[PDB]
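Asker: Dropping in start.txt, with compact mmCIF, C-alpha atoms and all ligand atoms.
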```txt
# COMPACT_ATOMS: atom_id res chain seq x y z
CA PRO C 143 0.69 19.87 -27.66
CA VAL C 144 0.50 16.00 -27.91
CA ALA C 145 -2.65 13.89 -27.47
CA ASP C 146 -0.84 10.82 -26.11
CA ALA C 147 2.11 12.05 -24.04
CA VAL C 148 4.50 9.68 -22.26
CA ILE C 149 5.29 10.13 -18.59
CA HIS C 150 8.96 10.52 -17.75
CA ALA C 151 10.86 8.39 -15.25
CA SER C 152 13.05 10.21 -12.73
CA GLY C 153 14.87 8.72 -9.76
CA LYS C 154 15.50 9.73 -6.19
CA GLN C 155 18.97 10.82 -5.09
CA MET C 156 21.22 10.77 -2.06
CA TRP C 157 20.33 13.53 0.38
CA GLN C 158 22.20 16.84 0.03
CA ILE Q 1 6.86 -11.32 -12.91
CA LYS Q 2 9.62 -12.82 -10.79
CA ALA Q 3 11.01 -10.16 -8.46
CA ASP Q 4 12.88 -9.98 -5.18
CA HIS Q 5 11.53 -6.44 -4.75
CA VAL Q 6 9.09 -4.17 -6.59
CA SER Q 7 9.55 -0.39 -6.77
CA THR Q 8 6.67 1.56 -8.29
CA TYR Q 9 5.87 5.17 -9.08
CA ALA Q 10 2.08 5.49 -8.97
CA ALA Q 11 0.09 8.56 -9.90
CA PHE Q 12 -3.49 9.38 -10.81
CA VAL Q 13 -5.72 12.32 -11.71
CA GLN Q 14 -9.49 12.63 -11.60
CA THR Q 15 -12.32 15.14 -11.73
CA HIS Q 16 -13.18 15.12 -8.02
CA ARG Q 17 -10.97 15.60 -4.98
CA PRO Q 18 -8.27 14.55 -4.66
CA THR Q 19 -7.67 15.70 -8.22
CA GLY Q 20 -4.09 14.43 -8.28
CA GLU Q 21 -1.66 12.17 -6.45
CA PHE Q 22 1.98 11.25 -7.09
CA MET Q 23 3.83 8.77 -4.89
CA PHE Q 24 6.47 6.04 -4.85
CA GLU Q 25 6.14 2.67 -3.13
CA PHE Q 26 8.70 -0.01 -2.30
CA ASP Q 27 7.36 -3.54 -1.76
CA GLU Q 28 3.85 -2.06 -1.46
CA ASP Q 29 4.69 0.60 1.17
CA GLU Q 30 4.47 4.30 0.29
CA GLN Q 31 7.97 5.73 0.72
CA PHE Q 32 7.34 9.31 -0.42
CA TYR Q 33 4.88 11.48 -2.29
CA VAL Q 34 4.86 14.92 -3.88
CA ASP Q 35 2.47 17.32 -2.14
CA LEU Q 36 1.00 18.94 -5.24
CA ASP Q 37 -0.15 22.07 -3.40
CA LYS Q 38 3.00 22.65 -1.33
CA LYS Q 39 5.06 21.49 -4.36
CA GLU Q 40 7.47 19.55 -2.13
CA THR Q 41 8.43 15.96 -1.40
CA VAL Q 42 7.03 14.35 1.76
CA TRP Q 43 8.86 11.29 3.12
CA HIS Q 44 6.95 8.66 5.06
CA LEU Q 45 9.74 7.93 7.55
CA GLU Q 46 12.17 10.57 8.83
CA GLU Q 47 15.14 8.29 8.13
CA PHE Q 48 14.17 8.33 4.45
CA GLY Q 49 14.15 12.13 4.44
CA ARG Q 50 17.64 12.17 5.96
CA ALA Q 51 18.99 9.65 3.42
CA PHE Q 52 17.20 10.63 0.20
CA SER Q 53 15.93 13.56 -1.82
CA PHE Q 54 13.50 13.78 -4.72
CA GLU Q 55 12.84 16.71 -7.05
CA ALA Q 56 9.18 17.60 -6.52
CA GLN Q 57 9.11 19.10 -10.02
CA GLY Q 58 9.26 15.61 -11.52
CA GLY Q 59 5.97 14.75 -9.84
CA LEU Q 60 4.26 17.96 -10.93
CA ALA Q 61 5.48 17.42 -14.50
CA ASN Q 62 4.04 13.90 -14.66
CA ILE Q 63 0.74 15.04 -13.12
CA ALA Q 64 0.35 17.60 -15.90
CA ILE Q 65 1.06 14.87 -18.46
CA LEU Q 66 -1.54 12.69 -16.73
CA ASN Q 67 -4.06 15.54 -16.95
CA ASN Q 68 -3.26 15.91 -20.66
CA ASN Q 69 -3.90 12.21 -21.32
CA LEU Q 70 -7.04 12.29 -19.16
CA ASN Q 71 -8.70 14.91 -21.37
CA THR Q 72 -7.64 12.94 -24.45
CA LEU Q 73 -9.01 9.66 -23.07
CA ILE Q 74 -12.29 11.25 -21.92
CA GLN Q 75 -13.09 12.24 -25.51
CA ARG Q 76 -11.75 9.04 -27.09
CA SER Q 77 -13.72 6.78 -24.72
CA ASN Q 78 -16.95 8.68 -25.55
CA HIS Q 79 -17.02 9.99 -21.96
CA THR Q 80 -16.97 6.49 -20.47
CA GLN Q 81 -17.28 6.57 -16.67
CA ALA Q 82 -16.49 3.37 -14.78
CA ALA Q 83 -18.82 1.73 -12.29
CA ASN Q 84 -18.41 2.36 -8.57
CA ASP Q 85 -16.56 -0.43 -6.78
CA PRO Q 86 -17.68 -0.34 -3.13
CA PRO Q 87 -15.05 -0.54 -0.38
CA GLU Q 88 -14.22 -3.30 2.06
CA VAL Q 89 -13.65 -1.97 5.59
CA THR Q 90 -11.72 -3.63 8.42
CA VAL Q 91 -10.81 -2.15 11.82
CA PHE Q 92 -8.05 -3.58 14.01
CA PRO Q 93 -5.48 -2.33 16.54
CA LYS Q 94 -1.80 -1.85 15.83
CA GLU Q 95 -0.73 -3.29 19.21
CA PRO Q 96 -2.18 -6.00 21.46
CA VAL Q 97 -5.08 -4.53 23.41
CA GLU Q 98 -4.13 -3.84 27.03
CA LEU Q 99 -6.58 -1.72 29.02
CA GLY Q 100 -4.97 1.60 29.91
CA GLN Q 101 -2.01 1.17 27.53
CA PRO Q 102 -1.90 3.64 24.60
CA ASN Q 103 -2.63 2.03 21.24
CA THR Q 104 -3.54 2.91 17.65
CA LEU Q 105 -6.76 1.82 15.98
CA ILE Q 106 -6.36 1.17 12.25
CA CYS Q 107 -9.20 1.40 9.73
CA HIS Q 108 -8.34 -0.23 6.40
CA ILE Q 109 -10.56 0.60 3.41
CA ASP Q 110 -9.90 -1.62 0.41
CA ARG Q 111 -10.80 -2.54 -3.17
CA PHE Q 112 -12.70 0.65 -3.96
CA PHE Q 113 -12.98 2.91 -7.01
CA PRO Q 114 -13.06 5.82 -7.75
CA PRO Q 115 -10.58 7.22 -5.19
CA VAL Q 116 -13.26 9.43 -3.62
CA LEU Q 117 -13.89 8.76 0.04
CA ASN Q 118 -15.12 10.17 3.34
CA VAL Q 119 -13.85 8.44 6.49
CA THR Q 120 -14.70 9.43 10.07
CA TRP Q 121 -13.73 7.89 13.39
CA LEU Q 122 -16.54 7.76 15.95
CA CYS Q 123 -15.75 7.38 19.66
CA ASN Q 124 -18.93 6.46 21.54
CA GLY Q 125 -20.84 7.98 18.62
CA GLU Q 126 -18.85 11.24 18.62
CA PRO Q 127 -16.59 12.12 15.66
CA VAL Q 128 -12.86 12.41 16.28
CA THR Q 129 -11.73 15.21 13.97
CA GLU Q 130 -8.23 16.03 15.27
CA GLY Q 131 -5.03 14.07 15.80
CA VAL Q 132 -6.10 11.52 13.18
CA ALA Q 133 -3.63 10.38 10.53
CA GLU Q 134 -4.33 8.85 7.14
CA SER Q 135 -2.45 7.44 4.17
CA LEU Q 136 -2.70 8.51 0.56
CA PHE Q 137 -5.12 6.80 -1.79
CA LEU Q 138 -2.86 3.79 -2.28
CA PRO Q 139 -2.77 1.99 -5.64
CA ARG Q 140 -3.59 -1.65 -6.20
CA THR Q 141 -2.40 -3.89 -9.02
CA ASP Q 142 -6.03 -4.19 -10.19
CA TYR Q 143 -6.14 -0.36 -10.35
CA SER Q 144 -8.66 0.03 -7.55
CA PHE Q 145 -7.45 1.65 -4.32
CA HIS Q 146 -7.00 1.11 -0.60
CA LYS Q 147 -6.40 3.48 2.29
CA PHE Q 148 -5.49 3.54 5.99
CA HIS Q 149 -6.88 5.76 8.73
CA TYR Q 150 -5.32 5.93 12.18
CA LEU Q 151 -6.67 6.84 15.62
CA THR Q 152 -4.65 7.08 18.82
CA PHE Q 153 -6.65 5.80 21.79
CA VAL Q 154 -6.41 4.28 25.26
CA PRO Q 155 -8.40 1.01 25.43
CA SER Q 156 -11.12 0.81 28.07
CA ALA Q 157 -13.91 -1.68 28.64
CA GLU Q 158 -16.79 0.79 28.25
CA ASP Q 159 -15.69 2.49 25.03
CA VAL Q 160 -16.99 1.79 21.53
CA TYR Q 161 -15.46 2.86 18.22
CA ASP Q 162 -16.72 3.09 14.65
CA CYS Q 163 -15.02 3.68 11.32
CA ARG Q 164 -17.70 5.43 9.24
CA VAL Q 165 -16.98 5.21 5.50
CA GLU Q 166 -18.81 7.01 2.68
CA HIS Q 167 -18.40 6.04 -0.97
CA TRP Q 168 -20.44 6.41 -4.15
CA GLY Q 169 -20.73 2.63 -4.48
CA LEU Q 170 -22.50 2.40 -1.11
CA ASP Q 171 -26.23 2.95 -0.68
CA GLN Q 172 -25.69 4.23 2.88
CA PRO Q 173 -22.67 5.06 5.05
CA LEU Q 174 -20.76 1.96 6.13
CA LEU Q 175 -19.97 1.61 9.85
CA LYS Q 176 -17.38 -0.94 10.99
CA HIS Q 177 -17.73 -1.50 14.74
CA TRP Q 178 -14.87 -2.18 17.13
CA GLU Q 179 -14.38 -2.57 20.87
CA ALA Q 180 -11.64 -3.82 23.17
CA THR Q 181 -13.07 -7.37 23.19
CA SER Q 182 -13.63 -7.47 19.42
CA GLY Q 183 -11.73 -10.37 17.89
CA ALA N 2 -26.89 9.87 -8.40
CA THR N 3 -23.19 9.27 -9.02
CA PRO N 4 -21.49 12.55 -10.03
CA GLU N 5 -19.51 12.79 -13.24
CA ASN N 6 -15.98 11.53 -12.61
CA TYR N 7 -13.18 10.34 -14.89
CA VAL N 8 -9.91 8.85 -13.62
CA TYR N 9 -6.51 8.49 -15.29
CA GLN N 10 -3.69 6.49 -13.69
CA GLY N 11 -0.03 5.96 -14.50
CA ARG N 12 2.40 3.33 -13.24
CA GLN N 13 6.17 2.96 -13.51
CA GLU N 14 7.27 -0.38 -12.05
CA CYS N 15 10.81 -1.73 -11.66
CA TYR N 16 11.23 -5.43 -10.85
CA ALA N 17 14.61 -6.30 -9.32
CA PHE N 18 15.75 -9.92 -9.51
CA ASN N 19 19.15 -11.63 -9.62
CA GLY N 20 21.03 -8.43 -10.47
CA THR N 21 18.64 -7.52 -13.32
CA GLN N 22 15.96 -4.86 -13.73
CA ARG N 23 12.71 -5.21 -15.68
CA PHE N 24 10.74 -2.01 -16.29
CA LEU N 25 6.99 -1.77 -16.91
CA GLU N 26 5.12 1.44 -17.73
CA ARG N 27 1.32 1.30 -17.66
CA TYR N 28 -1.25 3.82 -18.90
CA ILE N 29 -4.71 3.38 -17.40
CA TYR N 30 -8.07 5.04 -18.04
CA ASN N 31 -10.27 4.53 -14.99
CA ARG N 32 -9.43 0.87 -14.25
CA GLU N 33 -8.55 -0.15 -17.84
CA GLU N 34 -4.89 -0.44 -18.76
CA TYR N 35 -4.81 0.53 -22.44
CA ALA N 36 -1.10 1.03 -23.23
CA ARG N 37 2.04 -0.55 -21.80
CA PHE N 38 5.81 -0.51 -22.23
CA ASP N 39 7.69 -3.65 -21.15
CA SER N 40 11.49 -3.64 -21.22
CA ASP N 41 11.38 -7.37 -22.00
CA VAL N 42 9.50 -6.49 -25.20
CA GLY N 43 11.44 -3.31 -25.98
CA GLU N 44 8.49 -1.43 -27.48
CA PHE N 45 5.03 -0.18 -26.58
CA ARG N 46 2.01 -2.44 -26.94
CA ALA N 47 -1.70 -1.66 -26.96
CA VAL N 48 -3.61 -3.55 -24.29
CA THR N 49 -7.04 -2.37 -25.50
CA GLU N 50 -8.31 -0.59 -28.61
CA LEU N 51 -8.09 2.71 -26.70
CA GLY N 52 -4.29 2.46 -26.80
CA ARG N 53 -3.68 1.72 -30.49
CA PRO N 54 -3.11 5.40 -31.45
CA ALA N 55 -0.68 5.84 -28.54
CA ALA N 56 1.37 2.68 -29.08
CA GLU N 57 1.55 3.35 -32.82
CA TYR N 58 2.81 6.91 -32.34
CA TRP N 59 5.20 6.16 -29.46
CA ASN N 60 6.81 3.23 -31.26
CA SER N 61 7.50 5.64 -34.15
CA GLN N 62 9.53 8.01 -31.93
CA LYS N 63 12.93 6.35 -31.55
CA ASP N 64 13.85 8.97 -28.94
CA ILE N 65 10.93 7.78 -26.81
CA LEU N 66 11.80 4.11 -27.35
CA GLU N 67 15.50 4.58 -26.54
CA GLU N 68 14.63 6.51 -23.37
CA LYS N 69 12.32 3.74 -22.13
CA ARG N 70 14.83 1.01 -23.03
CA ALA N 71 17.43 2.78 -20.88
CA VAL N 72 15.13 3.12 -17.84
CA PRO N 73 16.16 -0.28 -16.34
CA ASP N 74 19.75 0.98 -16.15
CA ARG N 75 19.24 4.72 -15.70
CA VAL N 76 16.38 4.77 -13.15
CA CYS N 77 15.53 1.26 -11.93
CA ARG N 78 19.12 0.26 -11.14
CA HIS N 79 19.80 3.75 -9.79
CA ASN N 80 16.83 3.73 -7.41
CA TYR N 81 17.52 0.14 -6.34
CA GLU N 82 21.10 0.90 -5.30
CA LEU N 83 19.81 3.67 -3.04
CA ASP N 84 17.06 1.49 -1.56
CA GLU N 85 19.60 -1.32 -1.03
CA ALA N 86 21.69 0.89 1.27
CA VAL N 87 18.77 2.25 3.34
CA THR N 88 15.32 0.77 2.70
CA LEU N 89 16.55 -2.84 2.56
CA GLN N 90 18.53 -2.29 5.78
CA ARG N 91 15.33 -1.50 7.70
CA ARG N 92 14.93 -4.02 10.52
CA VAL N 93 12.16 -3.69 13.10
CA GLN N 94 12.05 -6.58 15.54
CA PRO N 95 8.72 -8.33 16.16
CA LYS N 96 7.00 -7.93 19.51
CA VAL N 97 5.38 -11.17 20.69
CA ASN N 98 2.35 -11.43 22.98
CA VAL N 99 0.60 -14.64 24.05
CA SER N 100 -2.84 -14.46 25.67
CA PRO N 101 -6.00 -16.59 25.77
CA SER N 102 -9.12 -15.69 23.84
CA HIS N 110 -13.60 -22.99 21.60
CA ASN N 111 -10.46 -22.32 23.65
CA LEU N 112 -7.86 -20.45 21.60
CA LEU N 113 -4.35 -19.31 22.49
CA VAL N 114 -3.33 -16.27 20.42
CA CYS N 115 0.23 -15.36 19.45
CA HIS N 116 0.00 -11.70 18.41
CA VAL N 117 3.25 -10.68 16.69
CA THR N 118 3.43 -6.95 15.99
CA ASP N 119 5.38 -4.02 14.56
CA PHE N 120 7.97 -5.88 12.52
CA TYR N 121 9.72 -5.22 9.21
CA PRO N 122 10.37 -6.82 6.80
CA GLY N 123 7.33 -9.00 6.28
CA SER N 124 8.92 -12.45 5.98
CA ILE N 125 8.36 -14.20 9.30
CA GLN N 126 8.15 -17.70 10.77
CA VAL N 127 5.82 -18.31 13.72
CA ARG N 128 5.59 -21.79 15.27
CA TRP N 129 3.55 -23.19 18.15
CA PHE N 130 5.01 -25.76 20.55
CA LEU N 131 3.19 -27.83 23.19
CA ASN N 132 5.43 -29.45 25.83
CA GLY N 133 8.34 -29.25 23.40
CA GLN N 134 6.51 -30.70 20.37
CA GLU N 135 5.62 -28.50 17.42
CA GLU N 136 1.92 -28.35 16.63
CA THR N 137 0.43 -28.04 13.17
CA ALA N 138 -3.23 -28.94 13.71
CA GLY N 139 -5.48 -26.31 15.25
CA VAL N 140 -2.99 -23.64 14.15
CA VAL N 141 -4.79 -20.83 12.31
CA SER N 142 -2.67 -17.90 11.14
CA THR N 143 -3.96 -14.66 9.76
CA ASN N 144 -2.29 -13.52 6.61
CA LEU N 145 0.45 -10.95 6.99
CA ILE N 146 -1.35 -7.76 8.03
CA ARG N 147 0.11 -4.55 6.60
CA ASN N 148 -0.38 -1.63 8.98
CA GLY N 149 0.46 1.02 6.36
CA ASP N 150 3.24 2.57 8.47
CA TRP N 151 6.10 0.36 7.20
CA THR N 152 5.31 -2.23 9.89
CA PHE N 153 3.52 -5.59 9.73
CA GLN N 154 1.62 -7.73 12.22
CA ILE N 155 0.38 -11.32 12.29
CA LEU N 156 -1.90 -13.34 14.57
CA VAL N 157 -1.36 -17.09 14.88
CA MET N 158 -4.04 -18.91 16.88
CA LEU N 159 -3.74 -22.36 18.46
CA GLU N 160 -6.75 -24.42 19.50
CA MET N 161 -5.79 -26.00 22.82
CA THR N 162 -7.10 -28.35 25.49
CA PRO N 163 -5.24 -27.00 28.56
CA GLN N 164 -4.29 -29.51 31.23
CA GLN N 165 -2.49 -28.51 34.40
CA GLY N 166 1.24 -28.25 33.74
CA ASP N 167 1.12 -27.86 29.95
CA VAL N 168 3.79 -25.56 28.51
CA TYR N 169 2.85 -23.70 25.33
CA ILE N 170 5.59 -21.83 23.45
CA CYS N 171 5.19 -19.43 20.53
CA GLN N 172 8.45 -19.19 18.57
CA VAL N 173 9.18 -16.37 16.13
CA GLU N 174 12.02 -16.18 13.59
CA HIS N 175 12.82 -13.01 11.67
CA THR N 176 15.85 -11.51 9.92
CA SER N 177 15.95 -8.78 12.60
CA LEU N 178 16.64 -11.47 15.23
CA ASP N 179 19.98 -13.18 15.85
CA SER N 180 18.16 -16.03 17.65
CA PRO N 181 14.48 -17.07 17.70
CA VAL N 182 12.16 -15.30 20.13
CA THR N 183 10.08 -17.59 22.35
CA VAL N 184 7.14 -16.62 24.58
CA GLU N 185 5.92 -19.19 27.10
CA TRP N 186 2.36 -19.59 28.39
CA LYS N 187 1.90 -22.12 31.20
CA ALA N 188 -1.62 -23.52 31.31
CA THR N 189 -3.93 -22.70 34.22
CA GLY N 190 -6.85 -25.00 34.94
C1 LIG E 1 -17.54 6.24 -29.79
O1 LIG E 1 -18.69 6.39 -30.65
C2 LIG E 1 -18.38 6.29 -32.05
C3 LIG E 1 -19.67 6.54 -32.80
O2 LIG E 1 -20.56 5.44 -32.68
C4 LIG E 1 -17.76 4.93 -32.37
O3 LIG E 1 -17.37 4.90 -33.74
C5 LIG E 1 -16.55 4.67 -31.48
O4 LIG E 1 -16.07 3.35 -31.69
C6 LIG E 1 -16.92 4.86 -30.01
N1 LIG E 1 -15.75 4.67 -29.16
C7 LIG E 1 -15.78 4.00 -28.01
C8 LIG E 1 -14.49 3.91 -27.26
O5 LIG E 1 -16.82 3.48 -27.59
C1 LIG E 2 -18.47 13.34 1.49
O1 LIG E 2 -19.30 14.26 2.23
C2 LIG E 2 -19.82 15.35 1.45
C3 LIG E 2 -20.58 16.24 2.41
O2 LIG E 2 -19.84 16.50 3.58
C4 LIG E 2 -20.68 14.81 0.32
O3 LIG E 2 -21.15 15.90 -0.48
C5 LIG E 2 -19.86 13.85 -0.54
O4 LIG E 2 -20.68 13.27 -1.54
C6 LIG E 2 -19.27 12.74 0.33
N1 LIG E 2 -18.43 11.86 -0.47
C7 LIG E 2 -18.73 10.57 -0.68
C8 LIG E 2 -17.76 9.80 -1.53
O5 LIG E 2 -19.74 10.06 -0.21
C1 LIG E 3 20.46 -16.10 -11.32
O1 LIG E 3 21.73 -15.89 -11.95
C2 LIG E 3 22.59 -17.04 -11.91
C3 LIG E 3 23.90 -16.62 -12.54
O2 LIG E 3 24.64 -17.74 -13.00
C4 LIG E 3 21.94 -18.21 -12.64
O3 LIG E 3 22.77 -19.36 -12.52
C5 LIG E 3 20.57 -18.50 -12.04
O4 LIG E 3 19.91 -19.51 -12.80
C6 LIG E 3 19.72 -17.23 -12.04
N1 LIG E 3 18.41 -17.48 -11.45
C7 LIG E 3 18.19 -17.84 -10.18
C8 LIG E 3 16.76 -18.05 -9.79
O5 LIG E 3 19.11 -17.98 -9.37
```
Can you dump the structure from the file as structure tokens?

Answerer:
Amino acid sequence: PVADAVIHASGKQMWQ
Amino acid sequence: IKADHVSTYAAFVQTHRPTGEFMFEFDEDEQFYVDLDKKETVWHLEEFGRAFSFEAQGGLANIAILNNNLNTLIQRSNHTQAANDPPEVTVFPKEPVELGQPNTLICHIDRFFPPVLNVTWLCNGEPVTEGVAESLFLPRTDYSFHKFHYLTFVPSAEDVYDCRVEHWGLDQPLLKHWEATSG
Amino acid sequence: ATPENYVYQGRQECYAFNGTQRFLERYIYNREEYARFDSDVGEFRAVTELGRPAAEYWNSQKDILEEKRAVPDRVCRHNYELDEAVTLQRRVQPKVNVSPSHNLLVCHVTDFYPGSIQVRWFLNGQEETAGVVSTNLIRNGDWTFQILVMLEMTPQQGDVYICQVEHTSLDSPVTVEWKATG
């Protein structure tokens, strides 16, 4: 529901 | 900006195919992307897949946000559509050309916009439709795109190759010629 | 003739230098960046008039601002530590080929990573600088590079041309010798 939405920064991780 | 290394998440959406792309690059090389249809992370090198993991949901979530802002910016810009920037095409081998030794022909398509493209390898005029690899639509810092297409081949003196490129900014299909003696 | 098409792009860039991280978030309509967050500024800024409503609203949400100010430590530093232990350890040694093509000797150096490379031409033990024409670094797109360094030569009988390559993947320089015929 927002006109101008911000993208969110997520990182990679060490493999399982 | 002064930087020893640059790490960039790059994503885009558009009306035509491909409608979405989400990838990460390190020093200008694509390290992984999120296959939006399979909803999973694809790593460029197998060693990366064995060392790292990335939640594909984060890429799908940002693509939806990008689609939200696209609709908003379409209306706010009064439906402004940008001009077509035609592509630059170069063809060159990966390895030094030795007749009979397996090699990989590389077609590099550069500085184009929008990211809508047809590329076809021609071997002696005949399309090669299988066993051909290609990169994503790779981002540039000027927000146009570039792309790599790959063709495994065995060099021979008689053979002739073409990278046939179609783009909206081109009046006709663009054919970049290559042969074993091409410098 | 051009079909209707609109494009929206997003960028999240982390710049590592000297132990620090600088974060840049870019919002782009077609090819026009209209809004941007820079961790050196600490707030959003409008790059064009299309971004004024976004930058004004986002700068009013302290939860958004605090999240973006923490990205250099929470994401950029986090990702960099992982890439330091794997991606920055990637070493692919250059392969060096010398062959003849006025008269040009070509040093084709292939399939190396990382991109920083030194390629020098020697004639009978003396380094040459004139008549040396290097391509730029050519990115193959598969996490390898190549480079072609050409030397214009007048080959006498008994001339010894050496192409020397230095690269972080090499403990000692790689030299390929081409003894002139004719
Ligand atoms: C869209 O058109 C309206 C009406 O003329 C104008 O006020 C507005 O500035 C325009 N916006 C853009 C981005 O051209
Ligand atoms: C690609 O080819 C299809 C037909 O196969 C055509 O409709 C489309 O316009 C082409 N795309 C470009 C960018 O030329
Ligand atoms: C890096 O950090 C050190 C820390 O003392 C500083 O002296 C130096 O000026 C900084 N910049 C460069 C380019 O080394």

Asker: What are the residues of chain Q that have an atom within 7 Å of an atom of chain C, counting all atoms listed in the file, as an MDAnalysis selection string?

Answerer: chainID Q and resid 50:54 58 62 65 69 72

Asker: Report as a tab-separated table: every residue of chain Q with an atom at most 6 Å from ligand LIG 1 (chain E), its closest pair of atoms, and their distance in Å to one decimal, counting all atoms listed in the file, with rows sorted by chain and ascending residue number.

Answerer:
```
residue	atom	partner	partner_atom	distance
Q:76	CA	E:LIG1	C8	5.8
Q:77	CA	E:LIG1	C8	3.9
Q:78	CA	E:LIG1	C1	4.9
```

Asker: Filtering to C-alpha atoms, could you give me those residues as a tab-separated table (two decimals), keeping the file's coordinate frame?

Answerer:
```tsv
chain	number	residue	atom	x	y	z
Q	76	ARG	CA	-11.75	9.04	-27.09
Q	77	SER	CA	-13.72	6.78	-24.72
Q	78	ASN	CA	-16.95	8.68	-25.55
```

Asker: Using all atoms listed in the file, pick whichever of N:55, N:182, N:140, N:48 has the shortest atom-to-atom distance to chain Q.

Answerer: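 Smallest distance to chain Q is found for N:55.
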
Asker: When the cut-off is 9 Å and you count only C-alpha atoms and all ligand atoms, which residues lie near ligand LIG 2 (chain E), shown as a list in words?

Answerer: residues 114, 115, 116, 117, 118, 119, 165, 166, 167, 168, 169, 170, 172 and 173 of chain Q; 3 and 4 of chain N

Asker: Please identify the residues whose atoms come within 12 Å of ligand LIG 3 (chain E), using only C-alpha atoms and all ligand atoms, and report them as a list in words.

Answerer: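 Listing the residues within 12 Å of ligand LIG 3 (chain E) gives residues 2, 3 and 4 of chain Q; 17, 18, 19, 20 and 21 of chain N.
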
Asker: For residue Q:145, work out the shell of residues within 10 Å, counting all atoms listed in the file and skipping chain neighbours fewer than 2 positions away, then give it as number ranges by chain.

Answerer: Q: 85, 87, 109-116, 136-143, 147

Asker: Any idea what's packed within 9 Å of residue Q:101, counting all atoms listed in the file, ignoring anything in its chain fewer than 4 positions away? Could you give it as a list in words?

Answerer: residues 97, 153, 154 and 155 of chain Q

Asker: Between chain Q and chain N, at 6 Å or less, what are the per-residue closest atom pairs and their distances in Å? Count all atoms listed in the file, order by chain and rising residue number, and return it as a Markdown table.

Answerer:
```
| residue | atom | partner | partner_atom | distance |
| --- | --- | --- | --- | --- |
| Q:3 | CA | N:18 | CA | 4.9 |
| Q:4 | CA | N:18 | CA | 5.2 |
| Q:5 | CA | N:17 | CA | 5.5 |
| Q:6 | CA | N:16 | CA | 4.9 |
| Q:7 | CA | N:15 | CA | 5.2 |
| Q:8 | CA | N:14 | CA | 4.3 |
| Q:9 | CA | N:13 | CA | 5.0 |
| Q:10 | CA | N:12 | CA | 4.8 |
| Q:11 | CA | N:11 | CA | 5.3 |
| Q:12 | CA | N:10 | CA | 4.1 |
| Q:13 | CA | N:9 | CA | 5.3 |
| Q:14 | CA | N:8 | CA | 4.3 |
| Q:15 | CA | N:6 | CA | 5.2 |
| Q:70 | CA | N:9 | CA | 5.4 |
| Q:81 | CA | N:7 | CA | 5.8 |
| Q:143 | CA | N:32 | CA | 5.2 |
```

Asker: Enter the distance from atom CA of residue N:130 to atom CA of residue N:170, in Å, rounded to one decimal.

Answerer: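 Atom CA of residue N:170 lies at a distance of 4.9 Å from atom CA of residue N:130.
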
Asker: Rounded to one decimal place, report the atom CA of residue N:43-atom CA of residue N:62 distance in Å.

Answerer: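 Going from atom CA of residue N:43 over to atom CA of residue N:62 covers 12.9 Å.
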
Asker: With 8 Å of padding per side, what axis-aligned box (centre and edge lengths, Å, one decimal) covers all the listed atoms of stretch 168-187 of chain N? Give it as JSON.

Answerer:
```
{"center_x": 10.9, "center_y": -17.2, "center_z": 20.6, "size_x": 34.1, "size_y": 32.8, "size_z": 37.3}
```

Asker: Give the answer as one residue: which of Q:71, Q:90, Q:129, Q:41 has the shortest atom-to-atom distance to residue Q:183, using all atoms listed in the file?

Answerer: Q:90

Asker: Using atom CA of residue N:59 and atom CA of residue N:71 as the two end points, give the distance in Å to one decimal.

Answerer: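 These two atoms are separated by 15.3 Å.
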
Asker: Tell me which of N:42, N:178, N:145, N:66 sits closest to chain C, counting all atoms listed in the file.

Answerer: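 Ranked by minimum distance to chain C, first place goes to N:66.
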
Asker: Measuring atom to atom with all atoms listed in the file, identify which of N:69, N:187, N:63, N:110 is nearest to residue N:165.

Answerer: N:187
